[PDB]
Structures are given as C-alpha cells and as structure tokens.
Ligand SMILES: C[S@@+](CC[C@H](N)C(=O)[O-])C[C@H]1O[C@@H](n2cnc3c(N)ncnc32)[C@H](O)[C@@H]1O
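We begin with a single chain expressed as structure tokens, specifically the form solved without the ligand.
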C-alpha cells in the first residue's frame, strides 16, 4: 500500500505466529547486585560489547526511586526484543533492600543475584560476573527463583566432551515452576492471613507428586484429595504391604518431605548430617535428632537454616528402654509425633532390625503420645511376623539397593507374616525396573497423605487453602458445577486457587495456525489434549463466579519474600494457554494497592512496542490513532462533533467543549464542559497481550476502580515498591483515571485490537475481557 504506519502488509497470521514464538523469549532480564561499581562497569562493557546485552547500572548518582522508574520503564518496553538485559545494582542494601530488589527483579521475570556483601576479589563474585559474559544471552541463574533441578546443566554448554550442548525441556520445567509458585502463593496467603502454623495445610486436588517437596520447601503441609483411591494391590488393611508394581539428595528428600507432612514433631534417628534439610523452611517444626556424630554447631546450623526447633542428641538411640520417659521423648507428651529412623549396621543387621521392630511395635501404641507414622529400613532374610505394619514399600530412588521401607501405623495390620522369599522376589522385580517406574512408586507413600472425597463437596470453612486445576476442570465435572463451587468458595472466604485452559486464547492459537488439531482439538469450550478431555474457562465466566485472574509472574513477585521454590529459564507456549484465578474477596482485601509485584508493568508495553517497531508506528502517531479511534466511536454513538475536540496526545485524547453523555450499561458516561479526557491506555495494551499470554487485566481493572482518587500508601510496605506510579506530596498513590476514561477505553478496545493486528485479532478474547471490565465497574 506504500504508506506508514503499515499494518496491512506487516501483520498477517504468520506475524502472529512469530509473536507467539517471541513470547517464549519474554524473560530476558538479569538483576545483579554487588558493591563494586568499577567491577560492574567492566563486566557491563564486556557483555554488551561481546553479545549485545543491554546493560544498566543503578549506582546511586540518582535518587533510588527515580533510578528504578527510569530503568524499569525503559526495560518494560524491551521484554519482547530477544536481547538479554542486565541491571547491575551497586547501591547499598540501605538504599534498596534485597527483598525489594528481588521483588522488582521477579516482577520483570528476571534472574536475581544478591552479592553486595562480597569483597571486590571474592572468587564467587568474580565467577558469577564472568558467567554473564560466557553464557550471554543466556545465564545460569534461574528466572523468578533461587534454585533449579531440571535437566538443563549450563556447565555442559562449555564442555567439548558433552558437545557444548545440554538438555532443554521448557514445558516440563515451566510446569514445575508453576507448581512451585502456586505453593509459594499459598504460603504467602497463610503468612498474610496470620494462620497458625499447624493449620498451614493445603489441599491438592488430584494426585500431583512434586507438591510434597514444594510444600515443605515453603513450610506448609500437603494433603491430596482423590475421588476414587485404587487399591494398590498389596497386603494389609490398605494394600500397601508389597503393592503391585534431580536434586542430588532426592532419596533423602523423597522420604523426609513425605514424613514431615505427617507431623509437626519428628523423632529423627540417625540424622547426621541431614544436609538436605537445610533447604527447607520448617518454622513450627520440632526435631528430636539422635546421632553420635551430632555436635552443637550442627544443631545451631540446622535451626538457623530451617527455622525449626532442633534438639540434637549426641548418642545412640536407646532401643532397649521401653519407656516414654526415655530417649528424651518427654517433650512430645500430649502431642503428635512421627519417627524417621535412618539407622543401620553392617554386622548382625538382622538382629538390629528385630530389636528396632519390637521397639516400634511398642512405640506406635503409646497413649501419652499420638504417634502418627514410623519409617524404618527393612532388609530381612527370614520370615517375620509384624504388628501395626501399614506399608512395606520399595525406595523410589533406591535404584538397585535391596532395601525396603516399612511404615508403622495405629491403623495398620494387627499382625502379618512377611515371607523373606516374597520380599526377595519383590526386590528382584523392583530393582529390574526402569528408573522412572521405580520413581513413580512414590505414589505408594503418598497414598498415606491422600484423602478420598469429592472436592466439589469439601468443607471450605476457616480460610481453607486448596490448589486445583485438571481434577476440577476435566470433562467429568460440568462447568455449571465447577463455577457454583468456586462462587461458593469465594463467598466463604476460602482460598481455592483455580487454573484451567483459557478457551479463547486456545481457540486463537489454533485459528492463526500455531496449535495443530493433531496436538489439541476443541469444540466450543470442550478441549481434547492428545499426549484427555478438558473444559476451557474464560475470564468473564470466572469473574461472575467471584474469581480474578492473576498471572504466574504476579504470584511469584507477590510471594517473593517467602518464596523458596524453583525458577525457570524458558517460557512455554503450552503453559501460556492456561490461566490462574484467585477469589475476589482476597483481591479486594489485599491487592487493590498496586505496588510493582501486583502490577502489569512487564506486559503493558512490550507487545505495543514490538508492534510499533514492526509496523512503523511513531510514538506520537500512536496517540493520534487513539484519538482517531475515539473520534470514530463518539460519532458511532451520535455525539455531535461540536461537543469535543480530538487532540490525540499521550496526555489528552480529547477536550470536551460542551456537556454531553454516552449511554453505557455501567451508568451513562458523563463529560463536562471545559474538561480534558485521557482514556486508559493500559486497557488497550493489556487486551493485545491477553491474545498471547495470561492476562493481569481483571486484577488491573479492580485496582483502576479503586484509583479514581488518591489513596494512601500501606504503612507496612517499603515505598520503593511503588516506584512505577506517581506519589503525591502527601505520600499517597496519586489517582489514575475516571470511570469514564476506563470505560471509553473498554468501548474502543475492539477497534484498537483490529487496528494493531490488521483485523486478525480475536473478537472473542476482547469480548470476554470487556464483559469482565463491565462487571468490575457494575452500577
């Protein structure tokens, strides 16, 4: 057509595919804190000159709030540029705290490195700096999380031996990150609501093994809810006696996180060193730990890292004293207790186990202590009767070890004979299985923290925390039934976190040709994932049921100061097809004040900037287009053109010359003479972003409703978290927009999307967002 701006020739369905593809790269940021400005300048220069990385240094020559505003307003526009961004922070922790800088980093989907306590020649500091240059545009610190345990090994990218290649499972890794963030969000909910620690229990709807680890990394305990529990096939009252069949410390973590979910109080026999426990948060736990190798230092180090109360005893455990007053067990009078016995001996092992067995058969029946679970290593060459045996299981990461695990329980079999030949044949079979099938037997231990019941009918009193997705959204539950349950959950002030495929995003991705019918099919909202049937849900359906979408980014930034999960490296198209939702009562209670963790900053400009770059849209021209879209809408509503003057700038869409009104189902929009109207630009931008990734739009709209007037900043928040919004002399968050300015934006949203994407937008996506906005502003 030979004109600019040009959407007609630059945006087609293949451009849209490429935008989807670019969305896998939307987390380019590293935030790197250190105390040595000349060191920062050197590695800034080295990485930008060698790899093109965009580098910023917040060094304190500008006031911290203005530096953050300038730096991250710029970065917000560049997140779809497919170039790494590194912000070095060299001001002292007194100028901007670790927790604040971490919150900002994760709100922008970045990696976070805090090394400001290091001296200039720290070998760790120099190493992490040199890693910037070596790996750019990648970096080996995860985004939005301290740790990572998937198959990607960055050192393998440097080795000729390994062909300078490594593993990359974006979808699987982002799904683990998501489980982690959802757990971290519940932990942040518990902490904000001041829930007592023994009540920090979350119900996982549908069995989902990684949550045991993520929960215990956050100091909460999981329980699984299953409709029907299959019988494992083995012996005993629950069929767990011989049922039918990359953390380096995962063998210890598998058992210990499970065992830690059964009781706030633990007898740990053979505990030294228990290094894997140092990564967990165990505030509210008490650990009585027996080992001769234990020292006073190991005790204090263990309580300092985990927050648990640790009683460290430098003795062998006394298996011959059948007293509740022996082995210091006194502390657990009138309490719950579980017992992790890790002990073993290389000689007379069969005898040692017999005496332990007799002891545990006694211990599980105490009346002054409510003993929940006891685990013991089992390796027996003879036939042996056992009482109170609930389970006899293989070790899921035991590999080819010949050892089983026995679990004692009040509700076990009263008596059973364990034939050594059957166990030996069982271990023959188990050790002969692939590593995966071995690992997937952890489902046998998790049976013991699974409840049977219909999640739709569960008791939601007392602020109960629940995490639910497929087991609620699958075809077997009607949408009508799920939405009533959710509406009732929000009514009860429960915390059911709900996730589901987003109907209109998925239909869009198929429409432009990204997703093939071979991979995923849908009929209306009924979805068939290839390699099960699911119901998609939309934002307006859920808002009517009292639920507000929140992004994974927002959840982890919100949870940043309690978060202890994993991060991620790549974004994933498949995960982006899903949306997550939290109850409106919690949003109104705690999220109407938009600090950076709760803001759409990392989505509100990067798609617009990408499209302006592609389509040759100058900065001012963009605002002229917005004026022109408002002009066309006002004419379509038969407003006399003499009543308004289109300006089309960034601060003035139009000026009102004489009073007029536009009819609208959320109360007539009213424009008074001699006023300037500045419609809400961020609504238009979020409606574009909502075509490609999960959207913070509904949460943003609720904050926009709240922000018709100045609002005092919350007292207990660091005010630097509000850097991205204007604050008044009086110290209040300054008003944003009138309801007229928001709803007018909602009214032209469809025309704006048609403009920006060359009429290849999704009318259905815009429509569901418009409905939700209209309900937000309902009169």
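Between two forms, the rigid core is the largest collection of C-alphas that superpose within 1.5 Å. Numbering follows the first chain given and starts at 1. Residues that one form lacks are left out of the comparison.
Omitted from view is the form deposited with the ligand bound, to which the following refers.
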Place the ligand on this chain by superposition, using its pose in the bound PDB entry; is the pocket open, or blocked by 3 or more ligand atoms lying within 2.4 Å of backbone or C-beta atoms? blocked
State the residue from 515, 205, 545, 386 whose non-hydrogen atoms include one within 4.5 Å of the ligand in the bound PDB entry. 205
Out of 614, 439, 456, 138, which one falls within 4.5 Å of the ligand in the bound PDB entry, going by heavy atoms? 456
Indicate whether residue 225 is a 4.5 Å heavy atom neighbour of the ligand in the bound PDB entry. yes
Whether residue 472 contacts the ligand in the bound PDB entry should be assessed with a 4.5 Å heavy atom distance threshold; does it? yes
Should residue 477 be classed as touching the ligand in the bound PDB entry when contacts are defined as heavy atoms within 4.5 Å? yes
Out of the stretches listed (205-213, 155-163, 231-239, 112-120), which one is close to the ligand in the bound PDB entry, meaning heavy atoms within 4.5 Å? 205-213
For a quick check of understanding: after superposing on the core, name the runs of at least three residues, shared by both forms, whose CA atoms each shift 2 angstroms or more between the shown form and the other one. 469-471
